[PDB]
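Everything in the first sequence is counted per this note's numbering, starting at 162 for the first residue and increasing by one. Just so you know, even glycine gets a beta-carbon here, dropped at the ideal spot from N, CA and C. For reference, the structure discussed in these notes is given below.
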Amino acid sequence: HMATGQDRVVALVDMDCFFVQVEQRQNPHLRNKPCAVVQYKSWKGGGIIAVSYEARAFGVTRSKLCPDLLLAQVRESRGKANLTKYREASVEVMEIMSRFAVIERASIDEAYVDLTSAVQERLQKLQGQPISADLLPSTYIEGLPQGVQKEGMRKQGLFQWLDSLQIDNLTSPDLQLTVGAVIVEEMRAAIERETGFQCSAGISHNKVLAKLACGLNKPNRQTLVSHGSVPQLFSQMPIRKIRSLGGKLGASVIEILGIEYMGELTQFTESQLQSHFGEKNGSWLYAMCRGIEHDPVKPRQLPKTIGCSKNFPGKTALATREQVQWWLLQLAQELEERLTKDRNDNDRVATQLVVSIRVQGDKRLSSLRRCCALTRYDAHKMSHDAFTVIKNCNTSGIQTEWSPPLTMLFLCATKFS
DNA sequence: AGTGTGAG
DNA sequence: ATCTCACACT
Ligand SMILES: Cc1cn([C@H]2C[C@H](O)[C@@H](COP(=O)(O)NP(=O)(O)OP(=O)(O)O)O2)c(=O)[nH]c1=O
Ligand SMILES: [Cl-]
Ligand SMILES: [Mg+2]
Ligand code: NI
């Protein structure tokens, strides 16, 4: 149950090269041939952001060497990418997924699912008899097939898993996970049938393990990670690959303890971890290296902030007053469009406008931030309000010159009510 | 409460 | 992602 962190059934669904698939649905000639999606940029034909798996075999990567490669491009608006098409496809899939169990949309192409309830309901409604392997055509059970080889090995491991599953104990963690994988198999089948899109999934007891499991067998495949498989999986799992350990905390763990893999954290005591990383982080690390994590999947859905920004690196850095005013207006117009849709869809209005900037030479993400009331959904008014609070923040008193220059402009609406 | 951190 | 959004922290 909770002592061993097997209290829930969590899944992570991530679309395989989502943007590529969205383009392939519109232009058929691109569906089963190596292609990519570019943003029109005069350097190299434009930067690549989404690459199909077919092209990855040739060594093609995102951010040329596959002459057959076909290209599709993102519409551009106000100097940045326009992702409306993708947001609409994301919403489509999310609505389809919400039918099988409640979800937490985590990004434009992936979402967590809490199947605990659905798994309980499914074991009851089920006769109570066994689960045939035919319900898991694309499920991999991690670590088991120990002791054409791609396919089939999966089926042997699946057979050993099913042959060792509890039959009578309906609260058996492994059984709950197996049923969760069945439900995910159905969910993905429905998604493909109704949209044509393929995706991958991870099934485990918490968000961290579900996210890690999803990437174990991509694409169009799903992986089940049991509590018993956690030690082996962590034995050579880079610390920085765990959700929330990708930044300074993870690097700090590596440097202070002189370790690289998650499983090595098992050798330290809870008191040791608290004495080196603090009470909260020490306990979190102690349980996570053992496969235990409790972050709940939250259906809550309306956003707490709505905003947009744009970066101007190096040469492009905003130098004149005219430039900063124009880009603030562009940002406020995009903001107005989105806030308008927000108010139409959720009957709420933003009461605060946050303005943030970054000056060339500053290592921090943002050089400063100020705020002001957001009374009217007027791009022109908002542009002047943001400009007014940030305008005195300039060193050059020389006219027609902004000093220091700006390398980033950010506008954000919050405090909804 | 604004700053800093982290995911995707 | 070579942008949007969440939230922990005296
Ligand atoms: C990580 C990342 C994603 N994206 C965009 C393009 C992807 O289609 C979209 C989905 O992000 P992802 O889930 O991280 N990667 P993917 O879905 O495209 O590919 P896959 O899951 O590894 O097969 O986000 C970038 O433009 N730059 C990036 O660095
Ligand atoms: Cl903010
Ligand atoms: Mg993906
Ligand atoms: Ni004006």
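Asked, Found
"Quick one: which unbroken beta strand (DSSP E) runs of 3-plus residues sit fully inside the region 299-339? Chain order, please.", "300-302"
"What does the alpha-carbon distance come out to for the pair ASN193 and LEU567?", "44 Å"
"Looking only at its own chain, which residues have a Cβ that is under 6 Å from the Cβ of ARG401, when we skip the five neighbours before and after it?", "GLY407 and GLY411"
"Pull the bridge partners of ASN472 from the DSSP assignment, please.", "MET569"
"Just how far apart, CA to CA, sit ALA211 and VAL221?", "10 Å"
"Determine the direct distance from the alpha carbon of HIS455 to that of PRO464, and round the result to whole angstroms.", "22 Å"
"I'd like the span of the alpha helix (DSSP H) that includes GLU271, first residue to last.", "No alpha helix (DSSP H) contains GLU271, which is instead part of the beta strand (DSSP E) from 271-275."
"What distance in whole Å lies between the Cβ atoms of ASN472 and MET314, which are believed to be in contact at a cut-off of 8 Å?", "Not quite, the Cβ-Cβ distance comes to about 46 Å (not below 8 Å), so this is no contact."
"Taking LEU572 and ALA547 to be in contact with their CB atoms under 8 Å, please state how far apart those CB atoms are, rounded to whole angstroms.", "6 Å"
"Under DSSP, the beta strand (DSSP E) around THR427 begins and ends at which residues?", "Run containing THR427: none; DSSP gives neither H nor E here."
"Using the Cα positions of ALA371 and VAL386, report the straight-line distance between them to the nearest angstrom.", "8 Å"
"If you drop the 5 nearest sequence neighbours on each side, which residues of the same chain put their C-beta closer than 7 Å to that of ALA267?", "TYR273"
"Let me check understanding here. Comparing Cα to Cα, which of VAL280, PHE320, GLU256 and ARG217 lies closest to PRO306?", "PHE320"
"Beta-carbon within less than 6 Å of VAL280's beta-carbon, same chain only, minus the 5 sequence neighbours each way: which residues are those?", "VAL170, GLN337, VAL340 and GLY341"
"Please confirm whether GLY166 and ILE518 have their CB atoms less than 9 Å apart.", "no"
"Give a yes or no on contact between the region 185-205 and the region 295-312, applying the rule of three or more CB pairs nearer than 8 Å.", "no"
"Go ahead and label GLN182 buried or exposed: buried means 16 or more other beta carbons lie within 10 angstroms of its beta carbon, across all protein chains shown.", "buried"
"Should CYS533 be counted as a contact of ligand 2 given a C-beta to heavy atom distance under 8 Å?", "no"
"Kindly identify the DSSP beta-bridge partner or partners of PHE577.", "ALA511"
"Determine contact between the region 430-442 and the region 549-562, defined as no fewer than three beta-carbon pairs at a distance below 8 Å.", "no"
"From the DSSP output, in three-state form, read off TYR214 for me.", "helix"
"According to DSSP, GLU265 sits in a beta bridge with which residue or residues?", "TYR273"
"Could you tell me whether the region 340-360 touches the region 414-431, using the rule of 3 or more Cβ pairs below 8 Å?", "no"
"I'd like the ranges of any beta strand (DSSP E) spanning at least 3 consecutive residues and lying wholly in the region 349-395.", "360-365 and 383-385"
"Please classify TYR301 as buried or exposed, where buried requires at least 16 neighbouring CB atoms within 10 angstroms.", "buried"
"Measuring alpha carbon to alpha carbon, tell me which residue in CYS227, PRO228, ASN243 and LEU226 is nearest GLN234.", "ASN243"
"Cβ of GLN393 within 9 Å of Cβ of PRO380?", "no"
"For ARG382, which residues of its own chain have a beta-carbon under 7 Å away from its beta-carbon, when the five flanking residues on both sides are left out?", "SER299, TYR301 and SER361"
"Among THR384, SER413, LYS409 and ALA374, which has the Cα closest to the Cα of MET398?", "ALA374"
"Considering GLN200, what are the terminal residues of the beta strand (DSSP E) in which it resides?", "196-200"
"Please report the straight-line C-alpha distance between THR384 and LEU377, rounded to a whole angstrom.", "7 Å"
"Would you say the beta carbon of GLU346 is closer than 8 Å to some non-hydrogen atom of ligand 3?", "no"
"For ligand 1, is there a heavy atom less than 8 Å away from the beta-carbon of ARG349?", "no"
"Is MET449 helix, strand or coil by DSSP?", "helix"
"Is there at least one non-hydrogen atom of ligand 3 closer than 8 Å to the beta-carbon of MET255?", "no"
"How long is the line joining the alpha carbons of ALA172 and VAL345, rounded to whole angstroms?", "8 Å"
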